[PDB]
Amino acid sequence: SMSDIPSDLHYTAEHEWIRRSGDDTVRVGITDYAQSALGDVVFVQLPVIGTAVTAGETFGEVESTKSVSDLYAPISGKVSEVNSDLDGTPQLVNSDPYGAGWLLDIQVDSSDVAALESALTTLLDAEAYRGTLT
């Protein structure tokens, strides 16, 4: 099957998606391609809410029975939310990677870190992300 790549998301080459959820907040998850490649997710290590992250910093990891993969901050900011549903139901990452399986939110204060307008420039659009995939 062709992996789902919503056109209304931005992405990283490392298979994270980024949804602007507010003026200063993005929601982050892993892509359909990513979850399928990882396999059934058995554990998601999420950063603590309040964690300051820089773009590309490892903030967590996703684990299947076969694979462990780092999760990188797609943008700089502060972790403002994490998906607690993934504690008991880590497979939401597999079943609904762009919905219920979201990982966390990063909030930007345009003072401490790049404003979202700036931060967005580093991310891939759907077409670009599709182009990176095999």
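One rule holds for the numbers: they count along the sequence shown, beginning at 1.
*Asks:* Please work out which of 5-13 and 108-116 has the higher mean CA B-factor as recorded in the PDB entry.
*Replies:* That would be 108-116.
*Asks:* Which wins on mean Cα temperature factor, 29-37 or 64-72?
*Replies:* If you average the C-alpha B-factors of 29-37 and of 64-72, the larger mean comes out for 64-72.
*Asks:* Check the PDB entry and point out which of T58, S80, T89, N83 has the largest C-alpha temperature factor.
*Replies:* Most elevated C-alpha B-factor of the set, per the entry: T58.
*Asks:* Test of reading the entry: by CA B factor among the chain's modelled residues, which third contains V42?
*Replies:* As the PDB entry reports it, the C-alpha B-factor of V42 lands in the middle third of its chain.
*Asks:* Can you tell me whether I49 has a C-alpha B-factor in the lowest, middle or highest third compared with the other modelled residues of the same chain?
*Replies:* Answer is middle: the recorded C-alpha B-factor places it there.
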